[PDB]
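**Q** please find the sequence and an experimentally derived structure below.
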Amino acid sequence: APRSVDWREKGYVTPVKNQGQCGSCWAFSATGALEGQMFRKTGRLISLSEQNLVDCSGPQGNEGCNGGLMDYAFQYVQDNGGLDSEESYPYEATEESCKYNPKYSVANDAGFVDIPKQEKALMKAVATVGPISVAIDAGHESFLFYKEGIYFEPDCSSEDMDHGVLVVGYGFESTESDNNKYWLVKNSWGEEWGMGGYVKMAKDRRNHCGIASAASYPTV
Ligand SMILES: *[C@@H](C(=O)N[C@H](C(=O)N1CCC[C@H]1C(=O)OC)[C@@H](C)CC)[C@H](O)C(=O)NCCC
């Protein structure tokens, strides 16, 4: 596999969004992965509606601001036959009744692929597919205050993920401890958090924070 990957440089990644005070991380993770696979197919990068997922994918198992799963979001897009653009169905950070309008649908998918629960398989997926939806343990103050560098949290769990984000690449940089490898992760807490909204999460450190345990992407 390549030693460094960054899908932002290939145009697969929209700007950082902000989920506000709603537990809708899963919706931003899913739109991020579908944005990348739609661009892979069509060469047009179109921001997708998280509100559409939050309001409408309950029948697939999602619970709006009370949490969800990216895979359920991908199943909703396939079941529904579409997903509206962000511009047409703007984000409101609260669950409302479903207002999907097929006329403004700009994305589709045909299923999704779950990645084996190893960082080696995640790396191969990131290298060959595009941005990947993943779930992490983001429940530590260290993660709130992250500013730069490779994020490593000794108390991070690889089994209890609470946060859906998007791996857009990986790479390396020299460090004091010589744990040099990172996943390049897009968060949904706005551009003020972290490095312009991104975090470098420790890679190849025993599936740190569970980043490889629930990874998937939509098939377009
Ligand atoms: C994922 C989720 O939304 N996470 C949630 C979160 O990001 N916020 C809660 C309110 C505003 C943000 C925040 O922390 O801003 C600083 C918390 C619980 C993360 C620490 C959602 O709970 C979910 O569906 N998780 C399951 C895995 C996809």
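**A** Happy to help now that I have it. Numbers count the residues shown, from 1 in each chain.
**Q** for residue 123, give me its contacts.
**A** 1, 170, 203 (Cβ atoms under 8 Å, 6 or more residues apart in numbering). Every residue, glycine included, has its C-beta placed from N, CA and C.
**Q** how much space separates the nearest residue to the first one once chain neighbours are set aside from residue 38?
**A** Ranked by Cβ to Cβ, 6 or more residues apart in numbering and with sequence neighbours excluded, the top spatial neighbour of residue 1 is residue 127, at 4.5 Å. Distance check for residue 127 against residue 38: by Cβ to Cβ, to the nearest Å, it reads 19 Å.
**Q** more neighbours, these two?
**A** Higher neighbour count among residue 127 and residue 38: residue 38, with 24 against 15, using other Cβ atoms under 10 Å.
**Q** which ones are touching that one?
**A** Contacts of residue 38 (Cβ under 8 Å, 6+ apart): 44-46, 48, 106-107, 220.
**Q** which members of those are the farthest-apart pair?
**A** 45 and 220 (13.2 Å; Cβ to Cβ).
**Q** who's more crowded, the two?
**A** residue 220 (20 against 13).
**Q** what's near enough to touch the more buried one?
**A** 34, 37-38, 40-41, 107-110.
**Q** one more time with 6 Å
**A** By Cβ atoms under 6 Å, 6 or more residues apart in numbering, the contact list for residue 220 reads 37-38, 41, 109.
**Q** what of residue 195?
**A** So residue 195 contacts residue 148 (Cβ under 6 Å, 6+ apart).
**Q** any idea what it is bridged to?
**A** Counting by DSSP bridges, residue 195 is bridged to residue 198.
**Q** what residues sit buried inside stretch 186-199?
**A** Going by neighbour count (16 or more other Cβ atoms under 10 Å), the buried part of stretch 186-199 is 186-189, 193-194, 197-199.
**Q** what residues does this structure put near the ligand?
**A** 19, 21, 23-26, 67-69, 135, 138-139, 161-164, 189 (Cβ under 6 Å from any ligand atom).
**Q** narrow the residues you listed to those in helices?
**A** Within those, residues falling in helices by DSSP state H are 25-26.
**Q** any quick ChimeraX command for the buried ones out of the residues of the chain next to the ligand?
**A** Per 16+ other Cβ under 10 Å, the buried members of these correspond to this ChimeraX selection:
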select :19,23,24,25,26,68,69,135,138,139,161,163,164,189
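**Q** counting by contacts, list what the lengthiest strand in the chain packs against.
**A** Once the chain is assigned using DSSP state E, the strand that runs over the most residues is strand 163-172. Here strand 163-172 touches strand 5-6, helix 25-42, strand 132-136, strand 181-186, going by 3 or more Cβ pairs under 6 Å, 6 or more residues apart in numbering; DSSP states H and E.
**Q** most tightly surrounded among those?
**A** strand 132-136 (a mean of 28; mean count of other Cβ atoms under 10 Å).
**Q** list only buried entries from the contacts of residue 123.
**A** The buried subset of the contacts of residue 123 (16+ other Cβ under 10 Å) comprises 170, 203.
**Q** now do the strands in the protein.
**A** Using DSSP E, strands in the chain cover 5-6, 83-84, 105-107, 112-114, 132-136, 150-151, 163-172, 181-186, 198-202, 216-218.
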